[PDB]
4 protein chains.
Amino acid sequence: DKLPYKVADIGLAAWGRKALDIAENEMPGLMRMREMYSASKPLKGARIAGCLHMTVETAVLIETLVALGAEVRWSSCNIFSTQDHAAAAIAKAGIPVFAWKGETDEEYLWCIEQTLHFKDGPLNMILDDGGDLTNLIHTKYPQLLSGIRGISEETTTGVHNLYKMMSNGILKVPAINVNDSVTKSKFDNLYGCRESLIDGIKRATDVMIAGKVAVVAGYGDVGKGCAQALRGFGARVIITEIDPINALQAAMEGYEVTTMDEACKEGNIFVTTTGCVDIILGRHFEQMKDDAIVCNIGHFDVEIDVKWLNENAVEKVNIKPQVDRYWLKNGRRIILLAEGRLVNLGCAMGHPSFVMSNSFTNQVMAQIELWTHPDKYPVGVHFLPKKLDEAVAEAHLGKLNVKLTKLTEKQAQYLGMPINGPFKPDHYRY
Amino acid sequence: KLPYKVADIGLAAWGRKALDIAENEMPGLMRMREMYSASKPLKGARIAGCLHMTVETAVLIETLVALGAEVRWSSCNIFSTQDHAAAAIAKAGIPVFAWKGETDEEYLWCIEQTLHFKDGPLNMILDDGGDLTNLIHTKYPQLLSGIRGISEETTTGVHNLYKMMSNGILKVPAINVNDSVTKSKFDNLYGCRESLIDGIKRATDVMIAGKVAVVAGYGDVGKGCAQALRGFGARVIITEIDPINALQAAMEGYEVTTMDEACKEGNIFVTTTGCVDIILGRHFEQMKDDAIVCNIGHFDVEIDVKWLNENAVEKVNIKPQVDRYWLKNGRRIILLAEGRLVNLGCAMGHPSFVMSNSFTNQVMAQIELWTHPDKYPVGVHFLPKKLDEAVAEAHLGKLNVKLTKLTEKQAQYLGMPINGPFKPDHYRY
Amino acid sequence: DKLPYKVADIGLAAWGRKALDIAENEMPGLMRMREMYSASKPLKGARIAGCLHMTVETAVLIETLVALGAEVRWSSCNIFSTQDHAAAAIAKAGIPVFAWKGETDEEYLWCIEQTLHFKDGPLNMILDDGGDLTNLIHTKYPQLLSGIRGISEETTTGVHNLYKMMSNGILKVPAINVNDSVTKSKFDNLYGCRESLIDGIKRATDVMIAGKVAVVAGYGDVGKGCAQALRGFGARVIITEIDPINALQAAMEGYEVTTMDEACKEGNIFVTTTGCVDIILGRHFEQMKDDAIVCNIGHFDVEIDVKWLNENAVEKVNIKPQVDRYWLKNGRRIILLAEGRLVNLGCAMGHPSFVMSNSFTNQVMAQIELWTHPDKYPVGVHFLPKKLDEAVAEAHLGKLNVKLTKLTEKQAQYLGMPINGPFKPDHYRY
Amino acid sequence: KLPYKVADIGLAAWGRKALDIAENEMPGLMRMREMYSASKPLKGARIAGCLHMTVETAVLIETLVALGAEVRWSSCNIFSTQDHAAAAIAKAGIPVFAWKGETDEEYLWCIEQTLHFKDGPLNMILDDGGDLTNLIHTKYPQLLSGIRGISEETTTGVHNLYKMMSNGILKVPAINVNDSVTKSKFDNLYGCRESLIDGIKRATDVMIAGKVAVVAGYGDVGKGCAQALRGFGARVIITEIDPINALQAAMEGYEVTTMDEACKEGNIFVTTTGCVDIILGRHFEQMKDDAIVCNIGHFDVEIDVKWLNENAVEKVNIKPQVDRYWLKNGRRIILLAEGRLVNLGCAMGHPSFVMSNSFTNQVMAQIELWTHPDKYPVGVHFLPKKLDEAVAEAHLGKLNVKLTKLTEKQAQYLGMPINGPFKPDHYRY
Ligand SMILES: NC(=O)c1ccc[n+]([C@@H]2O[C@H](COP(=O)([O-])OP(=O)(O)OC[C@H]3O[C@@H](n4cnc5c(N)ncnc54)[C@H](O)[C@@H]3O)[C@@H](O)[C@H]2O)c1
Ligand SMILES: NC(=O)c1ccc[n+]([C@@H]2O[C@H](COP(=O)([O-])OP(=O)(O)OC[C@H]3O[C@@H](n4cnc5c(N)ncnc54)[C@H](O)[C@@H]3O)[C@@H](O)[C@H]2O)c1
Ligand SMILES: NC(=O)c1ccc[n+]([C@@H]2O[C@H](COP(=O)([O-])OP(=O)(O)OC[C@H]3O[C@@H](n4cnc5c(N)ncnc54)[C@H](O)[C@@H]3O)[C@@H](O)[C@H]2O)c1
Ligand SMILES: NC(=O)c1ccc[n+]([C@@H]2O[C@H](COP(=O)([O-])OP(=O)(O)OC[C@H]3O[C@@H](n4cnc5c(N)ncnc54)[C@H](O)[C@@H]3O)[C@@H](O)[C@H]2O)c1
Ligand SMILES: Nc1ncnc2c1ncn2[C@@H]1C[C@H](CO)C(=O)[C@H]1O
Ligand SMILES: Nc1ncnc2c1ncn2[C@@H]1C[C@H](CO)C(=O)[C@H]1O
Ligand SMILES: Nc1ncnc2c1ncn2[C@@H]1C[C@H](CO)C(=O)[C@H]1O
Ligand SMILES: Nc1ncnc2c1ncn2[C@@H]1C[C@H](CO)C(=O)[C@H]1O
Ligand code: NA
Ligand code: NA
Ligand code: NA
Ligand code: NA
């Protein structure tokens, strides 16, 4: 009585499959998980509802979970991030996916709702990115919580929410924080954004980066990646920050660190990375250089006051999908990307597949941990063990032709560690 | 006569919006309009243009028109046209014969459409790579005495001009635009530094970080390519024939070796040489699985694409301008744009700001040749340094640069005109 | 009956004082500690034995501890690292310092021994860098342990030893791990080495960096700094690593990662950063390019087999102090810096003062924590609270003209944090 | 006659060990020895050299001697001599008159000691900045007809040569060594990229990261300086008079503004212009406390040091070549080397490898002028590109670079001699 899937055009499946084949060959961590666990099927019995950007890389993740024995139903965690060819390939393979590029808010919620019920029963695992699925179940379907064995969560904003839920006694299911695996936060958030931020800006606007002033709000792992990208192409990068440690890191790297109240007068490009509300406001827009480009890469579209532009501009000219040029009362123009939604996935294709193999190999490990060892994980928010984190990295070395040194027994004795690791104390920051 | 031929005139409104955006990024061209729209220095000029029909080129076209020229236009590559830009130019009433994905026959037909105007044949050439110049000299020599001048955009095209002059076969005066400082040291360098990666990413979405990337040639193009790749975390290996360029690359921290060795290590290959026979069958056979191979030189002569078509066991089209070959050895090769320049073939070419440097030089060269032909005997000439400096100066305001002015005491100390030119003729910047 | 101090030449004091005045003005964190606590004198009653490189920066630290009420007696923790003008200035101010550049191993131990006994009694606090003082007291003077209120420890090797001591039940005094303050490990070890490694190499050898292959063993915080420095000047940098996560970081930054067994055939410059034994051995030396430069920046001189060179070379030619050129049986030459001791302090002046103000402001905070709040700190190894770590960074922002953004009450509510911080969870890696 | 005059002959053994090390880093010079020591092309040459008396220059001196020249030497700066290198040269029996920390009178006396050899006056000039050239022309014109040639090392010196020729006052042929590609694009750029920081660090030990650094000029020197500072985490602000250089700096991500503005923000100031009156009293009065101020241009004319001496309320010598001034406003200024070039005055100048490029050009220019005077009429000349390429090629082996060779088919395609030169005369690299 329900749709078996819902995608833009199932006819795109053959093209999606070609993109998947190429991506598989860039994702050795995921392929290794298939190779190790396809026969034993550790995820047999798992009914995973996933809510995560329905991209080519997410399709390789989905097929890994399926190869490992899971039943899966999927939606995207952003209205603009789905790659319709990837979604079509997943649907063609018989996997229930409810996702397309350019959903409305209503369609978005409907899609998540389709993932909750399997033939054998409701979901018993959650794989989430940003917390929308986690929150939906806790608030709207609390009756389903005792049936769920575990949650794994992809991103900084989502894990922040899990910590908040736990400290408020609202969290009712064990969760693993995948964002804060070393091999996720220090790779995907950093090197991922270093490539895909500029990709979104370029595909949207074709603007020259060299010669511009770029303003990056936040200097966490995402802001660090974005700043490096922009400066690499010859932009002069200004940073805003609230945290004196991150601010001091930026200044030590040669960036001017000042407030948005000042930087708004100088920036030609504005990128928000904070995960926080009220970063770019009407008072900033009114002071910006003509044709300033403004975009957000944080998870939710809460950083930029897009409502201000819609209410106060003389006119809004749509240039092409996800690219709007507003004409203000001061006669100047602002170019706004993706209506303030995360620009790398909304205007380009998100992070390339190789780095997503780090993040998603963590996801598969988390799902195996929660599903097969539920009693290691009481209701709470947990990290994967360092030995598994190290294993994720080690799985990607051969593709890059890296040769890792092995400690001799004498060196391992001297350092007081096992020759097979883990090699760092739990507080190590890399 | 056909007013134009383009893929889809319906793309005109979008094209125009992209032109509006690009105008605001092209202060040199907008300045040429503000200075010369009234006096119309190019009145009576009938310019045939053969140059990648992009948004940037559209802004150049409408600048030439504003300055009084009649213009008829074709692209200098079968894959580089941006159909929305060609539609905007067609809708404006300018004869343009260009679309993305031309056949070789269509390519020549389009150039041929640019030769004849209502009032006579062309009397000015604006060229990129020399196809229009060569076509006239070889096939339409009866039009040569009617042509006042040629201006040439690119390294490969200027090499051809110098060779023609040395052999006594050039018959029309030319200005080498490529070797204006504000072209060669900006467009070829900073332009490729952004548009090479754009082409590779739009085509393949591949991660750059952690890869080995092999860049053949370390000229102005290869310098920009190499910096771009290294910036994203590729380990870049350079090949070179010139010991000076090779020493530059080594002093910037790049491994310099031959393609014969580098083919065994690269995950990404980019040819920047302007030379034939750079990546051959013997190289393809040694490459890592799913090696991405592409060219950014003007002509598609650097990569043996014919070898792949003849020797691969499978050839799968992934999407337009992206082919995945399976070789007898079991490994795969990803070839971009059939070896044609990848930035314009798989993306949008250089962004507008830097093209404003190149194209302001083009406008100046067209004015120089059209209005001061006697300064330019048959031969190959540079624009004066004062004009080259003026191109850079016109772009400083947009970037909020504050230029220092010499005092009279400092100008006297330096033995320099206070208003420039500031460097000797041999200065390399 | 004992020397009041022992330095190379007390006559250098006036020049030392001029260097100190300049350094003070680059060390706003330490000067702020003086300004805040000079009147209340929180360290009144403290008798601090310090064992830490007797440099210009350490002199500003010492005078801060004294201004805060402490009695101090000092030695260097390396035989080659003392700056004789700094030592002379300290001695001239009436502070017992036992340190000079170029001590023998015997003199080194004698110097530490002079710091143990004060007029009023034995030491009751330890400030250490590498653990030599901590170990000396636990092994040779166990009778003094119950009189010691606390230990603060500067460096990675020293903190590793403290963790080992604690897990073996050998640690008898509470300790604070200053190395792993964010504002120490992610600044001093990284940005400090990024400047002072090249300084030591240049002053020793004047070698051109551009065009060379440089091999860096280890890609921790020190190796990251060293690699960046070398590549910035046009060296091609190869990295060795045992930890697959650090190895993957290096490869993602564009370095070749391979083993020393391979890299030894290619390197023109070799820098060891591991903190581990047996990094460069005779088998590597015999394969090195002619005039390969070999140096160590790790704390102890255990990385390079200098004994191999001394036993196997045809001859050793001293070029100048801390620079030796060995002629091997293969006819090639090796240039060895500082006899394998840490090259930044041995051949140049160590880290510049601004970054040392981060490290040493942590040291002063640790000493205040341990001395005035002993019951917060049971026998064990502890970190400073994140709020104090943030304060260290904030203290350095004004000197760099950084403008830090303040959260609004609405943003702080949204992020669920205090407007005054701390701004990050305890696991945050920066 | 005095055999030499140096600070301390006792430093000879150490000097020699430093020379031994530098020889192994200078394959171009060692190659000139291996090729020409037997044939002695410079037999009969009596070369007066005026050039920073460093370890690198010692290797140049002994190369000229190996090639048959007689040489007598002085430094071109009062603070740049390396006394151990001067001692090694003196101990070898070569007349050198140089020490670190000369007075102005001693400086001139030393140059005067180089004019007369046992067999006659000088017949060749090797100059850096033009002091020897100018001294001969103005004070010893009777020696001019006896001088076969001049070779000149540096930008400021070549500017003077061109000005002299334009005014008809140059009377001896000269080779512009600075503008060999392998000099200007290597020494001025990569040399300063390492030796500027060396000078600042040895003098002050200041942290670079987190500072604002102001670099006046973005020529080859300022480009290398700016990269060096940015690499260590300084935020670099550029000043410029030339709109081309200024646009380059902006396209590399540097703020470009005037010294009038930048003096309010910089923590470190470096002058690279070759021009008078760059940092004035009005700038000093606005600077941040403990601003470090230094010059790397040839002559000490860029910084108003006299202003500081006259207007400061206190002047404290921190150590040799380092002065801390206290101004009326309460703030301090740290001045390096009394405004003299800071890399050679406070450190060791450029490392040996890159100097091997510069100095191989010098040897070639001395051979060209001495053995082929008829190729060089009175005027200012470049070395042929084939010789410039040969300089780079001689340094490739040391760095294990593998240079590709064109095939006959590629050379024919490019219209290029298979063995070079590979670039046209106007190529800018
Ligand atoms: N689009 C993507 O592919 C992608 C990838 C990874 C993470 N993310 C998202 O990016 C966002 C940031 O992630 P992160 O890992 O960098 O988190 P982070 O905590 O490491 O960094 C955020 C930084 O913003 C700063 N900040 C907070 N409020 C600010 C304000 N008002 N002004 C200036 N700075 C302020 C904080 O001090 C912090 O350092 C999150 O929403 C995360 O979920 C997106
Ligand atoms: N795609 C674009 O947007 C764009 C932009 C500018 C120029 N171009 C084209 O790019 C090409 C290069 O232009 P350039 O300005 O860099 O020229 P260049 O002459 O500056 O550099 C080319 C380099 O290739 C080297 N080379 C020649 N043959 C080689 C071989 N067999 N192997 C290795 N190296 C070899 C040469 O020594 C030279 O240094 C030309 O075809 C030019 O027209 C393209
Ligand atoms: N000279 C200085 O100014 C200075 C400053 C700070 C720290 N240190 C010292 O530097 C050393 C390193 O400090 P750190 O903070 O970088 O520690 P770290 O733990 O962050 O890094 C050391 C790295 O070496 C790697 N390693 C260990 N054995 C290895 C081997 N056999 N081969 C290759 N890699 C190996 C580890 O995986 C690790 O990543 C320590 O001795 C520390 O005390 C010196
Ligand atoms: N210290 C060294 O080891 C060393 C090495 C090479 C050259 N030099 C000397 O360095 C100086 C610069 O050499 P170069 O090769 O870079 O010359 P250059 O001509 O390439 O660059 C100097 C730049 O200064 C700019 N300039 C001139 N006046 C200015 C002003 N008032 N304000 C701002 N910018 C101004 C010019 O536009 C030019 O771009 C010369 O004196 C040269 O002899 C020193
Ligand atoms: N190609 C991609 N496919 C799927 N997820 C991606 C992609 N690129 C980035 N991400 C997610 C986006 C998210 C913020 O919601 C993160 O933390 C990243 O892991
Ligand atoms: N966007 C663009 N529009 C038009 N021309 C472009 C663009 N980008 C690059 N070029 C040309 C390509 C050509 C080699 O044929 C050159 O030399 C560059 O100037
Ligand atoms: N100038 C300096 N004065 C004092 N200590 C310094 C200096 N530079 C670096 N350090 C210490 C050296 C040590 C390894 O023993 C560390 O961890 C750094 O904090
Ligand atoms: N080590 C060095 N030995 C000798 N000459 C040096 C050194 N470093 C730089 N130079 C000169 C300085 C000069 C400006 O006077 C130049 O143009 C550089 O070639
Ligand atoms: Na992808
Ligand atoms: Na464009
Ligand atoms: Na210091
Ligand atoms: Na030297």
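Looking at the entry header, you'll see X-ray crystallography listed as the method and 1.55 Å as the resolution.

Asks: What is the right way to read the pairing of strand β12 (residues 269–272) of chain A from this model?
Replies: Residue and element names in this part refer to chain A. Residue alternation in β12 divides its side chains into two sets, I269 and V271 and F270 and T272, and both sets are buried. For strand β9 (residues 213–217) and β12, the ladder comprises four bridges, and the chain directions are parallel. Bridge assignment links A217 to a residue of β12, and that residue is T272. Of the pairings in the sheet, the one linking β12 to strand β13 (residues 292–296) comprises four bridges and is parallel in character. Across the sheet, residue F270 finds its bridge partner in β13, namely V294.

Asks: What's the story with helix α1 (residues 12–23) of chain B in this structure? I'm lost.
Replies: Given 3.6 residues per helical turn, the α-helix brings residues three or four places apart onto the same face. Here α1(B) contains twelve residues, and its C-alpha end-to-end distance of 16 Å stays within 8% of the 16 Å for a straight helix at 1.5 Å per residue. By the burial criterion, the buried members of α1(B) are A12(B), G15(B), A18(B), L19(B), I21(B) and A22(B). Buried residues in α1(B) make contact with β14 (315–320), β15 (323–327) and β16 (333–337) of chain A together with α3 (55–66), α4 (83–91) and α16 (352–371) of chain B.

Asks: What should I look at first to understand the packing of aromatic side chains in this one?
Replies: Within a pair of aromatic rings, the relevant descriptors are the distance that separates the centres and the angle that separates the planes. Throughout the structure, instances matching the rule amount to 22 aromatic pairs over all chains. With centroids separated by 5.7 Å and ring planes inclined at 65°, the aromatic side chains of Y219(A) and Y255(A) adopt a geometry described as edge-to-face. Here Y219(A), found in the loop between β9 and α10 (221–232), pairs with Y255(A), found in the loop between α11 (244–252) and β11 (256–257); they are 36 residues apart in sequence, far enough to count as distant. Judged by relative accessible area, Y219(A) falls into the buried class, the value being 4%. Relative to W307(D), the ring of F284(D) lies with its centre 5.7 Å away and its plane at 20°, an arrangement referred to as stacked.

Asks: Help me understand the relation of the copies chain D and chain B, please; the structure alone is not making it clear to me.
Replies: One copy of the chain maps onto the other through a rotation about an axis plus a displacement along that axis. The two copies are related by a screw operation: chain D maps onto chain B through 180° of rotation and 0.0 Å of translation along the axis, at an RMSD of 0.0 Å. Such a combination of rotation and displacement between the chain copies is what one expects of a two-fold axis. Residues of chain D ranked by C-alpha distance from the rotation axis are headed by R428(D), positioned 2.3 Å from it. Taken as a fraction of all interface residues of chain D, those also at the interface in chain B reach 100%, which identifies the copy contact as same-surface.

Asks: Would you take a moment to explain the site of ligand 4 for this structure?
Replies: With respect to spatial proximity, 28 residues lie near ligand 4, and among them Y427(B), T154(D), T155(D), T156(D) and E240(D) are the closest. The environment of ligand 4 is shared, with nearby residues belonging to chains B and D. In the model, an oxygen atom of ligand 4 is placed 2.7 Å from a nitrogen or oxygen of the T156(D) side chain. Within the backbone of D220(D), one N or O atom sits 3.2 Å away from an oxygen atom of ligand 4. Elements supplying a minimum of two residues to the shell around ligand 4: α7 (155–166), α9 (187–204) and α10 (220–231) of chain D. Among the residues forming the shell around ligand 4, the class breakdown is seven nonpolar, 16 polar and five charged. The two domains that each donate at least three residues to the shell around ligand 4 are domain 1 (1–189 + 350–401) and domain 2 (190–349) of chain D.

Asks: Just to check I follow, could you spell out the interface of chain B and chain A for this structure?
Replies: How big an interface is tends to be stated in terms of the accessible area lost upon association of its parts. Counting residues at the interface gives 42 residues for chain B, matched by 42 residues for chain A. Ranking the residues of chain B by area buried against chain A places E194(B), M207(B) and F232(B) at the top, with a combined share of 18%. Summed over the shared surface of chain B and chain A, the result is six salt bridges. Between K211(B) and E26(A) there is a salt bridge; the shortest N-O distance is 2.8 Å. The interface formed by chain B and chain A holds 17 residue pairs in polar contact in total. Those elements that place two or more of their residues in the side of chain B that touches chain A are α1, α9 (187–204), α10 (220–231), β14 (314–319) and α16 of chain B.

Asks: How should I be thinking about the interface of chain D and chain B in this particular structure?
Replies: Facing the 67 residues of chain D at the interface are 67 residues of chain B. Of the roughly 6,100 Å² buried at the junction of chain D and chain B (both faces included), carbon and sulfur atoms supply 62%. Ranking the residues of chain D by area buried against chain B places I241(D), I244(D) and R428(D) at the top, with a combined share of 14%. Along the contact surface separating chain D from chain B lie six salt bridges. Put simply, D277(B) and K409(D) hold a salt bridge, and the shortest N to O gap is 2.9 Å. At the boundary of chain D and chain B, one finds 22 residue pairs in polar contact. Mapped by element, the contributors of at least two residues to the side of chain D that touches chain B are α8 (181–184), α9, α10, α11 (243–251), α16 (352–371), α17 (385–396) and α18 (408–414) of chain D. Considering every element that reaches the side of chain D that touches chain B, the biggest residue donor is α11(D), with eight residues.

Asks: Help me understand the pattern of salt bridges in this model?
Replies: Taken as a whole, this structure holds 84 salt bridges over all chains when the rule is applied. When the shortest N-O distance is used, the salt bridge between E339(A) and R341(A) registers 3.3 Å. In this structure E339(A) comes out as partly exposed when scored by relative accessible area, which is 34%. Here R193(B) makes a salt bridge to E252(D), at a shortest N to O gap of 3.0 Å.

Asks: I keep staring at unusual backbone geometry and nothing clicks. Help me out?
Replies: A negative phi holds for most residues other than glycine; trans holds for most peptide bonds. Cis geometry is adopted by the peptide bond preceding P422(C), which originates at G421(C) and carries an omega value of 0°. Following the sequence through the fold, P422(C) ends up in the segment after α18 (409–415). Each neighbour pair has its own omega, and for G420(D) with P421(D) the value is 5°, a cis peptide bond. Mapped onto the elements, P421(D) comes out in the segment after α18. A positive phi angle, close to 70°, is found at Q322(C), a residue other than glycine. Tracing the sequence through the fold places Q322(C) in the loop between β14 (315–320) and β15 (323–327). Take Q322(C): its relative accessible area is 17%, and that puts it in the buried class. Residue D205(D) is not a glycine yet carries a positive backbone phi of 55°. Checked against the element boundaries, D205(D) lands in the loop between α9 and β9 (212–216).

Asks: How do you make sense of the sheet that holds strand β7 (residues 150–153) of chain C when you look at a structure like this?
Replies: Two strands in a sheet stick together by hydrogen bonds in their backbones, pointing the same way (parallel) or opposite ways (antiparallel). All names here are of chain C. Taking strand neighbours across the sheet as the criterion, the seven strands line up as β3-β2-β1-β6-β7-β8-β17 in an open arrangement whose pairing is parallel. At either end of the open sheet lies a strand with only one pairing partner, and these are β3 (97–98) and β17 (381–382). Strand direction decides the pairing type here: β7 and strand β8 (residues 175–177), joined by three bridges, are parallel. Counted as the bridge partner of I151 is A175 from β8. This element, helix α6 (residues 132–140), spans β1 (47–51), β6 (125–128) and β7 of the sheet and lies at about 140° to β6.

Asks: When you look at the domain arrangement of chain B in this model, what are you seeing that I'm missing?
Replies: Residues and elements named next belong to chain B. Segmenting chain B into domains produces domain 1 (1–189 + 350–401) and domain 2 (190–349). For domain 1 versus domain 2, the separation of C-alpha centres amounts to 29 Å. Taken together, the 25 residues of domain 1 in the interface contact 23 residues of domain 2. Summed over both partners, the interface of domain 1 with domain 2 comes to about 2,000 Å²; 59% of that surface belongs to carbon and sulfur atoms. Interface area lost by domain 1 to domain 2 is led by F79, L189 and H350, which between them contribute 35%. Taken together, the connections running from domain 1 to domain 2 amount to zero salt bridges. On inspection of domain 1 and its partner domain 2, the count reaches ten residue pairs in polar contact.

Asks: Is there a simple way to think about the packing of helix α11 (residues 243–251) of chain B against α17(D) in this case?
Replies: Two packed helices can be described by the angle between their axes and the distance between those axes. Packing of α11(B) against α17(D) brings their axes to within 8 Å, and their N-to-C directions diverge by 45°. Considering the angle they form, α11(B) stands oblique to α17(D). Pair α11(B) / α17(D) crosses with left-handed handedness. Residues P243(B), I244(B), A246(B) and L247(B) of α11(B) lie in contact with α17(D), whose contacting residues are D388(D), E389(D), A392(D), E393(D), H395(D) and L396(D). Class assignment of the residues belonging to the contact of α11(B) with α17(D) gives a composition of six nonpolar, one polar and three charged.

Calculation rules
Residues numbered from 1 in each chain as written, not as in the entry; some residues may be left out. Chains lettered and ligands numbered in written order. Heavy atoms only, no water. Buried < 20%, exposed > 50% of the residue type's maximum accessible area, 1.4 Å probe, protein only. Helix = DSSP H or I, 4+ residues; strand = E, 2+ residues; numbered from the N terminus. Pairing = 2+ DSSP bridges. Expected span 1.5 Å × (residues − 1). Contact = heavy atoms within 4.5 Å. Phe/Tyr/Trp six-rings, centres within 6.5 Å; stacked < 30°, edge-to-face > 60°. Least-squares fit on C-alpha atoms. Near = heavy atom within 4 Å. Polar contact = N/O pair within 3.5 Å; in protein donor to acceptor, adjacent residues only side chain to side chain. Nonpolar A, V, L, I, M, F, W, Y, C, P; charged D, E, K, R; others polar. Domains from an automatic or database assignment. Buried area = accessible area lost by both parts, 1.4 Å probe. Salt bridge = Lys/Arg side-chain N within 4 Å of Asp/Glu carboxyl O. Axes fitted to C-alpha atoms, helices over the stretch in contact; angles between N-to-C directions. Parallel < 35°, antiparallel > 145°, perpendicular 65-115°, else oblique. Left-handed = near helix turned anticlockwise from the far one by under 90°.

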